[PDB]
Structure formats: structure tokens, C-alpha cells
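Below you will find one chain, with nothing else, as C-alpha cells; this is the form deposited in one PDB entry, and questions on how it binds or moves follow later.
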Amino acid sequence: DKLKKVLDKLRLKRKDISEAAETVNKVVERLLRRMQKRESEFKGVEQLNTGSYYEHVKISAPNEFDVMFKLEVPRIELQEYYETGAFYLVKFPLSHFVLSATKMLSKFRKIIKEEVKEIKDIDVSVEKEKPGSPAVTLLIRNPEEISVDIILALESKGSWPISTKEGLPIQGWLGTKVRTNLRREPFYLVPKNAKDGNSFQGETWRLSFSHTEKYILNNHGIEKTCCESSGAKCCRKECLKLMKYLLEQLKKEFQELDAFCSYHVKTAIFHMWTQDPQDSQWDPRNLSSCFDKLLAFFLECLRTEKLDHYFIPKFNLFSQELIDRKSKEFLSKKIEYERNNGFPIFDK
């Protein structure tokens, strides 16, 4: 009852969707164009739209879009970086860049900034670089604020790295045929651009499965008909939206929650969808029970300090090395509070 009303608030409006989309489409097409017919090191970069807006789980407003400019590359000798599972060195046009991640992303960002300087019909700037991010982020105002993440990615057509062999455990849910075919797709690398002052950080890329997460979001039933015109609606995505919203409201209020992002909710719910594969475990009439069991799952994750990357099982997103024990214990208290008092944070 309450939760249906929250979801009506979170719904994007069809007019807001078309106004933001045509501006975003304008800038992205023009930037993609500058990469090609202009003989750059990125000639042949291709576009792949990723993230919440294209998965149809964007909440509140259409104000943040995610785009991959992916580039196919051949002699890619990979070499796992110090057992982290998700970070890698790359070895063997691009002779201008070991293939250095910062070196390559710098030229990518120089080109974009240049072309953004030559855009006279939209209010669009390049956000100052965030050490920690693989993105070049645009800030558009038309007039409302829209941020766009342009993510450079290497594309490799080889088999997936050893560290993912036990990942993507969809066999009881989406099945073994879906899994084998998914793993026949390419995989993608992106910059680790964090200034932790640590080791090989500057040449380290990171695995990306944004194309696989997109498929799963739109092929999310054990039944082929789930959420189709001739099937039965489930509420899996509405739980993602509600869990994503509770963390947006908690991050807006407390800076002690700065280390948490939507990807932590996303990974948590991928495990929940695998734990509870049956589409009837997600009946719209049980929206409350499902949201509450997801909350509980996410609290068990904070209590055990354990949230494994859905595709890279040995890479713990909640390790002491990324998030303080106290930050997790903090988030836990605020979730339990919202939980056990009917979610006051939703009414503001």
C-alpha cells in the first residue's frame, strides 16, 4: 500500500524522458562522431548504453545516463593483478600508450573536452576529473541537470578470465544455456583510476559486465514470459527501485555513507534473485514480503561484511579494505531503524 505509493513517486514521467533523451542523444552522437572520421587512436569505437536508465530501473528523474565507448583490441595478453580478481594489466594505433590505463584515458578525455568546447547549442561542460572513476562525466543543463558518464572500454573476444570461471551462477535461475551463451559474449575492461597511492594503480584496468547485467535485467524470469504482454508481472525490478531509493535517501542525509553506491544494491539483489529463482517468489501481491526479505539479505551482508562481486566471486565488495567496519555498522543501524518504523525516510 505504502510501497505502491512510493513507486508512483519514483516513476519517471514520459515527457521528462523524451526531453532529457534527445539532448543526451545529441551530445553522445556528436562525441561518437568526433572519435571516428577524425583519425584518432579511438577510430572504430562503438556505442553501448549501460546502467539504470537503459535497464529501466532509473528512479525519480531521468538525470544520469551511462554510455560505453567500446574498442576492440587483439593481442590482449591479460595478467591478473595481485589476486584481486577484478583488476588486470594489459600487454600484447595504440602504440602511443604495457597498455597504460591512465595514458589512454587521458587522450580520450582530451578529445572529449575539446569537442565539448565546440558545442554551441546545449549547455554542457566536462566535470572535473574524479580520481577513482573511469568515466568522463558531462554535466548538461536543459535547464535541469543531467549527468552523463562516458566510459572507455577495451573489448576482448576471448574466453573470460579464469577469475570469473565460478561467477555468474545463474544455472538454477536463468539456466545453463543462457549462461554458456552469455559467456560467449565479449568482456570489457575499464580504468581503475583511484589515487589510493598504492602499487601499479596507473596501468590497472578493471573488468566490466555492464552488457551482461543489462541482459539479466531484461531477461530476469525463470519463465520466458515474465513481465511480457502475455506473461505475469513480477516485482523484482520494483524491489531494486525501492532498495535503490532507500540508499539514495540515506546517502543524501549522511556523509558517513559516502562509500556506498547503487552497485552495492545491484549486486545484493543479483544474489537474492539467484537465491529465490521462482517467479512466484516475486508476485506483485507480495511486494512487501520481498522488499523486507531483500532488506534482511542486505543486513546479513553488512553483518558478515561479505558482498561478493556477482561475476568475480573472490572479489568482496564489503572487504575491510574498501569499507570501514564502522561504515557498515552505521548503515546497518539506519536501515534497521527505517525498517522497524515503517520507512519515514520515504515520505520526505
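Note that residue numbering follows the sequence shown and begins at 1. Shifts are known only where both forms have a C-alpha. Rigid core here is just the name for the largest C-alpha set that superposes within 1.5 Å across the two forms.
Count of coordinate-less deposited residues separating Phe92 and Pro93, as none, 1 to 3, 4 to 9, or 10 or more? Count of unmodelled residues in between: 4 to 9.
Enter the number of deposited residues without atomic coordinates between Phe97 and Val98, binned as none, 1 to 3, 4 to 9, or 10 or more. 4 to 9 residues lack coordinates between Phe97 and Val98.
Is the mean CA B factor in the deposited entry higher across 160 to 168 or across 80 to 88? The stretch with the larger mean CA B-factor is 80 to 88.
Highest mean C-alpha temperature factor of the two stretches 263 to 271 and 198 to 206, which is it? Comparing 198 to 206 with 263 to 271, the higher average CA B-factor belongs to 198 to 206.
According to the deposited entry, which of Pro277, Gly231, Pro74, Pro186 has the largest Cα B-factor? Top of the list by C-alpha B-factor: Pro74.
Options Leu322, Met68, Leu287, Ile312 - largest CA temperature factor per the record: Going by the entry's C-alpha B-factors, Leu322 comes out highest.
What third of its chain, lowest, middle or highest, does the C-alpha temperature factor of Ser125 fall into? Middle third, going by the recorded CA B-factors of the chain.
Going by what the PDB entry lists, where does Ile146 fall on CA B-factor within its chain: lowest, middle or highest third? Its C-alpha B-factor, which the entry lists for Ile146, ranks in the middle third among residues of this chain.
Relative to the other modelled residues of the same chain, rank the CA B-factor of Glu223 and answer lowest, middle or highest third. As the PDB entry reports it, the C-alpha B-factor of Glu223 lands in the lowest third of its chain.
Position of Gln36 among the chain's modelled residues by C-alpha B-factor, lowest, middle or highest third: It falls in the top third of the chain.
Compared with the other modelled residues in the chain, in which third is the CA B-factor of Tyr54? Answer is lowest: the recorded C-alpha B-factor places it there.
The protein also exists as the form deposited in another entry; that form is not presented, and the subsequent description refers to it.
If you fit the rigid core and then compare C-alpha positions between the shown form and the other one, only one of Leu250, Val73, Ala194, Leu78 moves by 2 Å or more. Name it. It is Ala194; the other listed residues stay below 2 Å.
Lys195 to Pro313, Cα distance in the other entry relative to here: closer or farther, by 3 Å or more? Closer: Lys195 and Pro313 approach by 3 Å or more in the other entry.
Considering a change of 3 Å or more, are the Cα atoms of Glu80 and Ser199 closer or farther in the other entry than here? Compared with the shown chain, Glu80-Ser199 is farther in the other entry.
Rigid core superposed, please list the runs of 3+ consecutive shared residues whose C-alphas all move by 2 Å or more between the shown form and the other one. Core-superposed, just one run shifting 2 Å or more comes out: 192 to 200.
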